[PDB]
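Engineer: I'd like to ask some things about the structure below.
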Amino acid sequence: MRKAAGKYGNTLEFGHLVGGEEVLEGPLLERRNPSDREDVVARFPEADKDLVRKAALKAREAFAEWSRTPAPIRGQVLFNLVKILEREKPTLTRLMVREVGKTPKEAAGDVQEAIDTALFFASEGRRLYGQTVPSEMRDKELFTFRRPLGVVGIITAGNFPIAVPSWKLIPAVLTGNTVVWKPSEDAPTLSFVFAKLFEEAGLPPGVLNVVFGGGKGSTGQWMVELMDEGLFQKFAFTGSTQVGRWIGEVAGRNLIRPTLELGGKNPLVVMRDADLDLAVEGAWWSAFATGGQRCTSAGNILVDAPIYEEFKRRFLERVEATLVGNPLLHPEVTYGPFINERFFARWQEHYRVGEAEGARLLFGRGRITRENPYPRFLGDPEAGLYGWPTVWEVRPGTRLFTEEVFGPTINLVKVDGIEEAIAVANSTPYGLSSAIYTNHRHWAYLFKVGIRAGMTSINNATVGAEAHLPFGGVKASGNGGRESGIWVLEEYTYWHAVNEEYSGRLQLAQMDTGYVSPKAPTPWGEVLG
Amino acid sequence: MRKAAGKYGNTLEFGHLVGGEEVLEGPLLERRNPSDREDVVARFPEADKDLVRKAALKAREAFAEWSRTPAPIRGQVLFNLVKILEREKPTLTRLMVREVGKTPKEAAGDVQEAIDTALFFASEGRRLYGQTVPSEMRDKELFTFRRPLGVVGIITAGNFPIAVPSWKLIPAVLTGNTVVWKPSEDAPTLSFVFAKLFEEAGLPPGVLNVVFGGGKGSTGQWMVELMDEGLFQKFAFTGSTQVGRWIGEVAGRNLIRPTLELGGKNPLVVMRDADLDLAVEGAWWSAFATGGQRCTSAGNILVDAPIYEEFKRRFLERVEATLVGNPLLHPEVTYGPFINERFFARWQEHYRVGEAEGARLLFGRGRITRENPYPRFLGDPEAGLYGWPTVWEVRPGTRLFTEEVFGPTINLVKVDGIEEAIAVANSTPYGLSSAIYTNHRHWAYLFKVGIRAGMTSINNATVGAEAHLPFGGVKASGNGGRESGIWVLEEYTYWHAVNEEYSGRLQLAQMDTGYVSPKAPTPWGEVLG
Amino acid sequence: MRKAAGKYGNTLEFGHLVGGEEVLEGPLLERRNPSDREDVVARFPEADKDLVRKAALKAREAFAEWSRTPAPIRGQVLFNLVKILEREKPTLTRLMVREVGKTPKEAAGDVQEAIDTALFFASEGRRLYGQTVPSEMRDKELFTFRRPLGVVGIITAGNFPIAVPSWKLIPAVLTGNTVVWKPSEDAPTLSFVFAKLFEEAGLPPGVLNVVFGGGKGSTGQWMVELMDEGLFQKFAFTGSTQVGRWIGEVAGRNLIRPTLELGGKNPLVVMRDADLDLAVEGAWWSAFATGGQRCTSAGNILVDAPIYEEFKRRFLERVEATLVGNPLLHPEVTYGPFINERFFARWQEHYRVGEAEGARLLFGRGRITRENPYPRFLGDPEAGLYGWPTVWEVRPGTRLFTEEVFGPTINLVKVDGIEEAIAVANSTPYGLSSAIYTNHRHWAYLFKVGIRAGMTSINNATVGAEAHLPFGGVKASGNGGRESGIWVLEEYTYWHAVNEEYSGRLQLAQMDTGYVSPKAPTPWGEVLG
Ligand SMILES: CCCCCCCCO[C@@H]1O[C@H](CO)[C@@H](O)[C@H](O)[C@H]1O
């Protein structure tokens, strides 16, 4: 790599990581600081299909030795990574604030998720339990083993540039797979550095390959297409449902079960008996954490009729207090810029769609500019794409209600009773996260069994999942796979059933099984009388 | 249903089972006894897309009440089925001999697999374990629950008309799902009866719907296409890889992980130190059980060079002793007719492909006729499609070596040493079953870790998997899913992670976590010696 | 603590660790370097019953806050310990060579076991899985949780002064318990330092209390007796079966299940087909690792008749090559001194018992002195208690065959065939470790299912268990408990079953359960053929 002086740090120039070598091949892209476009964070090439193919073949070559490396040793590599991530947490935090516009508080939590993941799977090296199973035949033993799949293709987004990649990278290599990783073009430096920390931790060259570039019409797409050439035995993707469906399609015909985290429209229910201040804080954080650029961000606040006016009043008050700005210059802000222009553009459009379909705009004036200033802004709004906190009143069945919109926007929806709250909460193509604020035992229970969601919070935000629960969605949010904890092992391994015969005879199961039949029954009705 | 007298039993006329009602709608198909075309087993309608859609909506309606039925009660229904299958085993055995041409011995084992499955999952009703998980926050609890998916679409083959459907039907309903089942047109009576046994066991109407018909251009295809209309939350299919890839494709874009069992080309290795008589018997049974119409049937016998001539001699001797015939009239036969004409046709062609590519035909003269008689045939060969036991000598890389061929055919392949045996055993697009005969600890181990297969037998056949191990293949044989035992629960449920807050505060994971930092270290090198 | 200059390092003076405070109360004991009596390693007090009682009450006080500390945070403390043990491994290694007379190679492996344990349970903080279980009633949920027991009393030996204590200390505190630890008077410095490393890692004061002293008539005994006062909710002990039975007795009447590792007489079988050089090396290492002062040390080498003379010849040759000496001055030695005089005394007596009962002494002349020199000795044999490598030929049923003897001694026993090998291998009151050397699949299997032992090695030593398998013995070697891995969690937690009702009615299990009865059966025998 090379470095040059920049505004808020060095501008990094680096290439793809392929077979341990740095490959500077392809038209140069750059990543500008989203808080300040004058600050250039990285310059990096776009990998073409031929280079991704080459990376996949380097991964296949490295897979042989790596899969044969004892899992406890592979786990000790991850343990090295835990120490290295701990050491580098402040540096990675600072780089993440700069590269994707996260607050230092959130950026540290993002790095911490990777540390948590690393520690969890470091120890998993001495687990990866299969089963010993009793044969129905004598002189025979049955076994199950978890085996690695091969080469994993990974495409990740930039909103969680260390945490979410770690959910895939760490289990993948722990279970004995090799990886080709196409990180978001919004967080290439973090991705490059993270790959180098793996190298420092002792991960053999070629086990992790990083190929930079865009998505559609670019490296991301090339990578999906190479599933047709048999170069990936597994695929993982975070992004939109639209793209996920196509990846599911390609994976499906290549007999791959992809890991798909495909976003959501996450209902947060506030029942009449709720702790209003707690529910307001939870709804606020659910909506505006990461500037609403999380898959788990609250989409709709479903508020029970009797507290609707009081909640709206308190919620808008809380929303109005939100600090927005350059988090590098003003750490205390709740959120900073949009991660990229694509998200900003879609978010600008949702104002027009909302007005067109009769949503009531309670708060928000679109992009924050010097001409259109936001009272609690800190820094220069012209330096990047920053969005007004935005609050709507919407009806079910509308586009603002059903469609995911990354960015600082949230809808209030009036409901009456737990039955309607559940029905309305499920009136969305998605089913990722969910939440209900209530002190009512029974309502909490009804919501928990009534919601169709991968994750449910009782008196907690739709965001901030703990790193050691299964993470994933139902309906349009996923395809059944789960990340994190013990539940992700199904994603990166396959079951190998072994039966060992010692009888020296061909014994047929279900046919030669030595089942004992019952004896003649005693007439106990008559004996006991 | 209606019945009329037939040659070897009553001819059954029945319709689709939809919402509890019998629906006799659609152009009539018939199933003739494959051992004797004069014996008509069943007449049944072909369901059009509209009726399958209606069946899927009946399943969705029944799902609400059935998923809310406590799992231990759903398990007690399966326990009722265990008793009913036990009672009906002789009747089902006889019907299976008649309808699909299995031997009574194999037909009983087929019914027994369903009984084993039924008993396993009857008890699973009081298991279905999720987890309690410790929160990193105080006054907070984490939980995981297994939830049913919804409506399961099931398409099954006729080669295992009770066993293999039970692998899907039983776990599906146990886990709280409803089912639309499109059984093979080769085993419609068995399927109808099996569905009625579920009804007798107390399965509520609409939880299992059966729609009869063909595959391509027919009910099977309509059923796959309805995944695009959101009518299936899960899909299971047994059949060819070609069809499986298409089903995987459709499932994939609808964010479904299908259960796909897609056949194999199963290597059986005989090492130089093997028990020859045992390996011969295992190779023979692996090749000719069910007339080689199993997904797990041996495709290639890989024989170690030093025992090659001796094994070939003993194997051909064993093959020559094989009895073939109408298993209804001659129970003692090893195998009877082809299940259908599709399998017979492909099997006839493999002679021409083998000769064309220079395979050496050691034994077999194609279809058994009066003109082309087989010495050990019993009954009338003109009454159905019966195949000569067929043995080839082939080279790796040839079509006979790589391509699956249902029917009584097997290849011998010369290998030298465990390294070559493993490499050649993996030189196939498939990876379902596998086997090695050896007394050498180390060779068994190398094969076990070297093979790419879902299942491996040490000194046992490639066939005859025990019903309580995970069943499934890698590569072209499957997509990662497993059937049977605890491993199939992932197929018919999704994980629901619930976090419950009691702290009355918004606590952020990874950010507010109360991690304890270390104290000042003592310089022990200096303090001690 | 205080330090003074000594021969091979500083002499440490320290007191008991009770509630965070160092308590220098009680008659002073000392630990002399077992390799060199002139080198005084430590001076430390003997805790009386009143101080142990006080330590137990400090543990009870600390238990409240520590058990309420989230398990993931408790795990992060262990993760701190992993880093600290890594840092201190060279220092701990050196101290262990000095204090208990282990070779540097073995001492490092001992420290590494603790690091392995620490890492395993660091990650267990985010596991400790209980279950969610489906109720047979509607509107009801079932849960299981692992809860800590309370205060754990731990008594450990000095032969594995870091490894074996870590097996108890680490899981105990991870699962939320507090500990009173009575370490061996043979390794008080290591124990003091290990406790201080826990303190450095952030373990709250009082969660680990260390009380030094002897066993019988001393601190060890006082500690067992306090189970009668309800001060321990759990107890763990490593030592002799005799003492273990008494501890089991006291624990039993106080409704405690103690963790008891009680030594063994570990059979190593060498079958006629074995790799002789490998079996010789394994038998040699099994016998003389730690100078035969392991619970898992080989007691009897059972050699198959046809290879008996050849094995004896090669084994005695290998034994004769054994280097013995001061491992601080000569790291390359296989073993050094006896850990204590108790073990030396019993080992001296076994010569007299062996001769008395007609055992044939093949090799060994008792204590190594200048008068009685050993050819391959390095250093001064007068400086400590060093034992000749000792090899016997014995018959089954004799005291040398059945009774555990710590120290460098081993018996050869002639057997003929796997049946006799198994019977003779089981002809001992113990059942800890076991091993068989064979290339015969079937013999390995028969031994594996025929042996009565907690642990069995196939073509591996009776020693050197991997730290992530369950460790423990049957018969006189233990009481059912297992240490290490997931299996030790049962030792330090109890199951809490919770049922939550939401139905608003009293529903009786087994009585009000809504079991569905079967429908009227169809006579299928008659309906079909
Ligand atoms: C990693 C995916 C989650 C694993 C689910 C819990 C696994 C627990 O394994 C359990 O073992 C029990 C012991 O008899 C069996 O009875 C249960 O069927 C089985 O679920």
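Read-outs: derived from the displayed coordinates by stated rules, not from any lab. Note that we place each Cβ from the backbone using ideal geometry, even for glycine, and neighbour counts take in every protein chain shown.
Engineer: Just want the ordering: A:227, C:1, C:223, B:511, from fewest to most Cβ atoms lying within 10 Å of their own Cβ.
Structural biologist: So the ranking, lowest neighbour count to highest, is B:511, C:1, A:227, C:223.
Engineer: What nm value, rounded to one decimal, do you get for the distance between residue C:310 and residue B:380 when each label is placed 7 Å out toward the C-beta?
Structural biologist: Result: 6.7 nm between the two label points.
Engineer: Still on this structure, please answer the following. Putting +1 on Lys and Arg Cβ atoms and -1 on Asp and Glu Cβ atoms, find which of C:150, C:169, C:183 reaches farthest to the positive end of the dipole of segment C:133-203.
Structural biologist: The residue sitting farthest along the positive end of the dipole is C:150.
Engineer: Counting DSSP beta bridges with both partners in the protein assembly as shown, what percentage is antiparallel, nearest 5?
Structural biologist: The answer is about 40 percent antiparallel.
Engineer: Calculated FRET efficiency, residue B:441 and residue C:245, Cβ-Cβ r, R0 41 Å, to nearest 0.05?
Structural biologist: 0.55
Engineer: Something else about it: What does the charge dipole of the protein assembly as shown about its Cα centre add up to, to the nearest 20 debye, if the Cβ of each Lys and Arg holds +1 and the Cβ of each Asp and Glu holds -1?
Structural biologist: So the dipole magnitude of the protein assembly as shown works out to roughly 240 debye.
Engineer: Tell me the Rg and the Dmax, in Å, that the Cα atoms of chain A produce.
Structural biologist: Final numbers for Rg and Dmax: 26.0, 100 Å.
Engineer: In nm, what does the list of distances from residue B:372 to its counterparts in the other copies look like, shortest first, when each label sits 7 Å along Cα to Cβ?
Structural biologist: Residue B:372 label point versus its equivalents elsewhere: 8.0, 8.8 nm.
Engineer: Continuing with this model, one more query. Between residue A:372 and residue C:345, what is the label-point separation in nm under the 7 Å Cα-to-beta-carbon projection?
Structural biologist: Rounded to a tenth, the inter-label distance reads 9.2 nm.
Engineer: Note the full-extension length gain between residue A:361 and residue A:517 as 0.36 nm times their separation in residues minus their Cα-Cα distance, in nm to one decimal. Display every interim value, and only then the final one.
Structural biologist: Numbers: separation 156, 0.36 × 156 = 56.16 nm, distance 7.49 nm.
Contour length minus Cα-Cα distance gives 48.7 nm.
Engineer: Under the rule of -39500 (n - 2.57) per DSSP H run of 4 or more residues, summed and divided by the residues of chain B, what mean residue ellipticity at 222 nm is obtained, to the nearest 500 deg cm²/dmol?
Structural biologist: -11000 deg cm²/dmol
Engineer: Determine, from the Cβ-Cβ distance of residue C:330 and residue C:64 and an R0 of 45 Å, the FRET efficiency 1/(1 + (r/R0)^6), rounded to the nearest 0.05.
Structural biologist: After rounding to 0.05, the efficiency reads 0.35.
Engineer: Follow-up. Run the simple label-point estimate for residue A:138 and residue B:228 please: 7 Å along Cα→C-beta, distance reported in nm.
Structural biologist: 5.8
Engineer: Taking the Cβ-Cβ separation of residue C:2 and residue C:395 as r and a Förster radius of 45 Å, what is the calculated FRET efficiency to the nearest 0.05?
Structural biologist: Rounded to the nearest 0.05, the efficiency is 0.25.
Engineer: Please sort through the DSSP H helices of chain B and keep those with an alpha-carbon extent of at least 27 Å along the long axis and a Kyte-Doolittle average not below 1.0.
Structural biologist: On the way: long enough: B:49-68 (29 Å, -0.69); B:71-100 (36 Å, 0.10); B:104-124 (30 Å, -0.06).
For chain B, where a helix must reach 27 Å along its axis and average at least 1.0, there are no hits.
Engineer: Mind checking which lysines have their Cα closer than 16 Å to the Cα of residue C:414? Skip sequence neighbours fewer than 8 apart in that chain.
Structural biologist: C:312
Engineer: Now, a different point. Can you tell me the dipole magnitude for segment C:329-452 around its Cα centre, using point charges on the Cβ only (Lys, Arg +1; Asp, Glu -1), in Debye to the nearest 20?
Structural biologist: 200
Engineer: Under 13 Å Cα-Cα from residue B:105, which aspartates and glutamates qualify once same-chain neighbours fewer than 8 residues away are excluded?
Structural biologist: Answer for residue B:105, where 13 Å is the Cα cut-off: A:512, B:113, B:332, listed by chain and number.
Engineer: Could I ask something else about it? Pull out a ≥ b ≥ c, the square roots of the eigenvalues of the alpha-carbon gyration tensor of segment C:231-356, then state rounded if a/c is under 1.5, prolate if not and a/b is larger than b/c, and oblate in the remaining case.
Structural biologist: Here segment C:231-356 falls in the prolate category.
Engineer: To continue, here is another question. Give the average, rounded to an integer, of partner chain Cβ atoms located within 10 angstrom of each Cβ in C:65-77.
Structural biologist: 5
Engineer: A follow-up question, please. Report relative contact order for segment C:1-106 in percent, whole number only (criteria: Cα-Cα under 8 Å, sequence separation at least 6).
Structural biologist: Details: 117 pairs, mean separation 24.7, N = 106.
The value is 23 percent.
Engineer: For segment B:106-246, just say rounded, prolate or oblate: build the C-alpha gyration tensor, square-root its eigenvalues into a ≥ b ≥ c, call rounded for a/c under 1.5, and beyond that prolate if a/b exceeds b/c, oblate if not.
Structural biologist: Working: a/c = 2.27, a/b = 1.56, b/c = 1.46.
Since a/c reaches 1.5 and a/b is larger than b/c, the shape of segment B:106-246 is classed as prolate.
Engineer: Let me ask another. Could you give, in nm with one decimal, how far residue C:341 is from each other copy of that position, shortest first, with labels 7 Å out from Cα toward Cβ?
Structural biologist: 8.7, 9.8
Engineer: I've got another one for you. List the relative contact order of segment A:216-358 as a percent without decimals, with contacts defined as Cα pairs under 8 Å and 6+ residues apart.
Structural biologist: It rounds to 17 percent for segment A:216-358.
Engineer: Still on this structure, please answer the following. Please work out which residue of chain C brings its Cβ closest to the axis of the rotation superposing C onto A, and round that distance to whole Å.
Structural biologist: That would be C:123, 1, residue then distance in Å.
Engineer: Count, for each residue of B:144-153, the Cβ atoms from other chains sitting within 10 Å of its Cβ, then give me the mean as a whole number.
Structural biologist: 3
Engineer: Assign unit charges at the C-beta atoms only (+1 for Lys and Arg, -1 for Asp and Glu), then state the dipole size of segment B:426-499 relative to its Cα centre in Debye, rounded to the nearest 20. The partial results should precede the final answer.
Structural biologist: Numbers: 5 positive and 4 negative charges, 71 e Å.
Roughly 340 debye for segment B:426-499.
Engineer: Going by the alpha-carbon gyration tensor, a ≥ b ≥ c the square roots of its eigenvalues, is segment A:320-442 rounded (a/c under 1.5) or, if a/c is not under 1.5, prolate (a/b greater than b/c) versus oblate?
Structural biologist: Verdict is prolate for segment A:320-442.
Engineer: Now, a different point. Among C:358, C:388, C:443, whose Cα sits farthest toward the positive end of the charge dipole of segment C:355-478 (+1 at Cβ of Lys/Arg, -1 at Cβ of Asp/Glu, about the Cα centre)?
Structural biologist: Of the listed residues, the answer is C:443.
Engineer: In nm, what does the list of distances from residue B:317 to its counterparts in the other copies look like, shortest first, when each label sits 7 Å along Cα to Cβ?
Structural biologist: Those separations, rounded to one decimal, come out as 4.4, 9.6 nm.
Engineer: In this model, which of B:83/C:519; A:475/B:182; A:3/A:58; A:89/C:89; A:58/A:234; B:49/B:216 are farther than 18 Å apart at the alpha-carbon?
Structural biologist: A:475/B:182; A:3/A:58; A:89/C:89
Engineer: Something else now. Using Cα pairs closer than 8 Å and at least 6 residues apart in sequence, work out the relative contact order for chain A, in percent. Each step should come with its number before you reach the end.
Structural biologist: Values: 1200 pairs, mean separation 89.3, N = 529.
It rounds to 17 percent for chain A.
Engineer: Still on this model: List the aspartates and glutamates whose alpha-carbon lies under 17 Å from that of residue A:54, not counting same-chain residues fewer than 8 positions away?
Structural biologist: The qualifying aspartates and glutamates are A:21, A:22, A:25, A:46, A:225, A:228, A:229.
Engineer: What are the equivalent ellipsoid semi-axes of the protein assembly as shown, built from the alpha-carbon gyration tensor (square roots of five times its eigenvalues), in whole angstrom, biggest first? The partial results should precede the final answer.
Structural biologist: Numbers: eigenvalues 586, 463, 202 Å².
So the three semi-axes of the protein assembly as shown are 54, 48, 32 Å.
Engineer: With Cβ to Cβ distances under 12 Å as the rule, what net charge do the other residues near residue C:156 carry (K, R +1; D, E -1)?
Structural biologist: -2
Engineer: As an exercise, find the ratio Rg/Rh for segment B:428-529 from alpha-carbon atoms, using the Kirkwood inverse-distance average for Rh. It would help to have the intermediate numbers written out before the result.
Structural biologist: Numbers: Rg = 25.6 Å, Rh = 19.2 Å.
Ratio of gyration radius to Kirkwood radius: 1.33.
Engineer: What's the local net charge at residue B:356, with K and R +1, D and E -1, over the other residues with C-beta under 11 Å away?
Structural biologist: Details: positive: B:352, B:399; negative: B:349, B:355, B:357.
Summing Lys/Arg as +1 and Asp/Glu as -1 gives -1.
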